[PDB]
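Reviewing the structure listed below.
Side chains are part of it too, since the values below use all heavy atoms of this structure and drop only hydrogens, waters and symmetry mates. Each chain gets a letter, A, B and so on, in the order the sequences are listed, and its residues count up from 1.
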Amino acid sequence: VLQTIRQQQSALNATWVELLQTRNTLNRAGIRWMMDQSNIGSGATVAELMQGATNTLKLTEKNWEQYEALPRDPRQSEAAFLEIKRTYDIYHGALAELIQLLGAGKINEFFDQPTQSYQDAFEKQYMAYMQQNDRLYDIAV
Amino acid sequence: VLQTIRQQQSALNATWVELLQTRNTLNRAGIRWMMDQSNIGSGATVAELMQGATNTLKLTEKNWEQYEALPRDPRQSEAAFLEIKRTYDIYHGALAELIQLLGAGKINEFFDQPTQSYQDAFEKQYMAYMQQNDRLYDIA
Ligand SMILES: [Cl-]
Ligand SMILES: [Cl-]
Ligand SMILES: [Cl-]
Ligand SMILES: [Cl-]
Ligand code: NA
Ligand code: NA
Ligand code: NA
Ligand code: NA
């Protein structure tokens, strides 16, 4: 019934949320890394933050596969799902590369990566996909 | 009645998302701020990021008022809403404080603010609130 899109919706939202939480944690580690260069570091360490980003990026993978493996209503759009996955893989892959750049100390290459564009592209599909499902709500009446 | 729920969940989830983006942009600005002090600045500038964070923090405040104005079903717990609002106000106000600290060059107070705890507290209520509406959706 209409419960199969609400459960598929919740699964993709949890991926969306974990991607954002991962990007934020990485940028915290960037500040601490910067602080350590000038020996003014305090609070959370780079290692603890990198450790947390690694965890939430794996959580992101697992949340994604949980959404992929959920059944799709025949009315939904196949192209829509492929565009979601295309933008997700770029965004997820970009965060994985940010972990490597920071570990190698490439702070400029880290900061200059156009992560915002990858995120904007995924959010554009998520929003459009949220709208098409909200319409299946309005017509399932 | 079921439509009333999906509207609330979407309005509150939009606030949740905007809070996360606001915090991330502020942490991007913190890096560039430190880059400027070390003369290795590149990418997005502090000013552009600060005006982005200022922008998204207003989207958060608006997205919240949209959720708060939507009608609450009687079956929904009033105390649950008060706890969502309490944790939201702490979290929002904390992000507003980060804008003041970074604009004042206070990078240590900026980094040391326990923002994670404010976010964890709001996410705890947000998760509990959704699981309740989901069980409510199941009954109907
Ligand atoms: Cl570099
Ligand atoms: Cl970009
Ligand atoms: Cl300070
Ligand atoms: Cl904390
Ligand atoms: Na939403
Ligand atoms: Na500076
Ligand atoms: Na910019
Ligand atoms: Na309050």
Scan side-chain atoms only and decide if [X] and [Y] contain a donor-acceptor pair under the 3.5 Å cut-off.
| X | Y | result |
| --- | --- | --- |
| A/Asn24 | B/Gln119 | no |
| B/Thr45 | B/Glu48 | yes |
| A/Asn133 | A/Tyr129 | yes |
| B/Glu97 | B/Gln100 | no |
| A/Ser42 | B/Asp112 | yes |

Strictly below 4.0 Å, N to O, side chains only: are [X] and [Y] in salt-bridge contact?
| X | Y | result |
| --- | --- | --- |
| A/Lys58 | A/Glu61 | no |
| A/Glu83 | A/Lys124 | no |
| B/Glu18 | B/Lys62 | no |

Can you confirm whether [X] sits close enough to [Y] that some side-chain heavy atom of one is under 4.5 Å from a side-chain heavy atom of the other?
| X | Y | result |
| --- | --- | --- |
| A/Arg23 | A/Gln116 | yes |
| B/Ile5 | B/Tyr137 | yes |
| B/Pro71 | B/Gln7 | no |
| A/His92 | A/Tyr118 | no |
| A/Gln76 | A/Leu136 | yes |
| A/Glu123 | A/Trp16 | yes |

Looking at [atom1] of [X] and [atom2] of [Y], how far apart are the two atoms once the value is rounded to the nearest 0.5 Å?
| X | Y | atom1 | atom2 | answer |
| --- | --- | --- | --- | --- |
| B/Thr60 | B/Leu19 | OG1 | CG | 4.5 Å |
| A/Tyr67 | A/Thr15 | OH | OG1 | 8.5 Å |
| A/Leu59 | A/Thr54 | CG | OG1 | 12.0 Å |
| B/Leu98 | B/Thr22 | CG | OG1 | 10.5 Å |
| A/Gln113 | A/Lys106 | CD | NZ | 12.5 Å |
| A/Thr25 | B/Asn27 | OG1 | CG | 8.5 Å |

| task | Establish, yes or no, whether the cationic atom of B/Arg32 lies under 6.0 Å from the six-membered ring centre of A/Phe111 and within 45° of the ring axis. | result |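 No - B/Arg32 does not lie over the ring of A/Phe111 by the 6.0 Å and 45° rule.
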
Do you know which two heavy atoms are closest between [X] and [Y], and how far apart they sit?
| X | Y | answer |
| --- | --- | --- |
| B/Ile107 | B/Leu102 | CD1-CD1, 4.0 Å |
| B/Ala11 | B/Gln66 | CB-NE2, 4.2 Å |
| A/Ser77 | A/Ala80 | OG-N, 3.0 Å |
| B/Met130 | A/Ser10 | CE-OG, 3.9 Å |

| message | Parallel, tilted or perpendicular, judged at 30° and 60°: which one describes the rings of B/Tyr88 and B/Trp64? | response | parallel

| said: Evaluate A/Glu68 against A/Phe81 for side chain to side chain contact (heavy atoms under 4.5 Å, CB included), listing each step before the verdict. | reply: CA-CA 9 Å; A/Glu68 253 189 334; A/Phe81 287 110; over 6 Å; no

Strictly distance-based, threshold 3.5 Å: is any side-chain N or O of [X] a donor or acceptor partner for the main-chain N or O of [Y]?
| X | Y | result |
| --- | --- | --- |
| A/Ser117 | A/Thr115 | no |
| A/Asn55 | A/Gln51 | no |
| B/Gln125 | B/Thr87 | no |
| B/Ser38 | B/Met35 | no |
| B/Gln37 | B/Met34 | no |
| B/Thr56 | B/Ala53 | yes |

| query | Do B/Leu82 and B/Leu12 share a hydrophobic cluster, counting only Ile, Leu, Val, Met, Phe, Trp and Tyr and linking them when any side-chain heavy atoms are less than 4.5 Å apart? | reply |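 In one cluster: yes.
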
| message | Quick one, B/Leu70 with B/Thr4, criterion side chain to side chain contact (heavy atoms under 4.5 Å, CB included). Give me CA distance, side-chain angles, the key distance, then yes/no. | response | CA-CA 8 Å; B/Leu70 264 39; B/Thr4 296; over 6 Å; no

| request: Check step by step if side chain to side chain contact (heavy atoms under 4.5 Å, CB included) holds for A/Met50 and A/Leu26. | output: CA-CA 7 Å; A/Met50 293 298 323; A/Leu26 286 169; 4.0 Å; yes

| request: Take B/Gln21 and B/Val17 through the test side chain to side chain contact (heavy atoms under 4.5 Å, CB included) and record every step on the way to the result. | output: CA-CA 6 Å; B/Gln21 283 171 284; B/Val17 167; 3.4 Å; yes

| said: Looking only at the aromatic ring of each residue, does the gap between the centers of A/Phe110 and A/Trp33 stay below 6.0 angstrom? | reply: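 Not under 6.0 Å, so no.
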
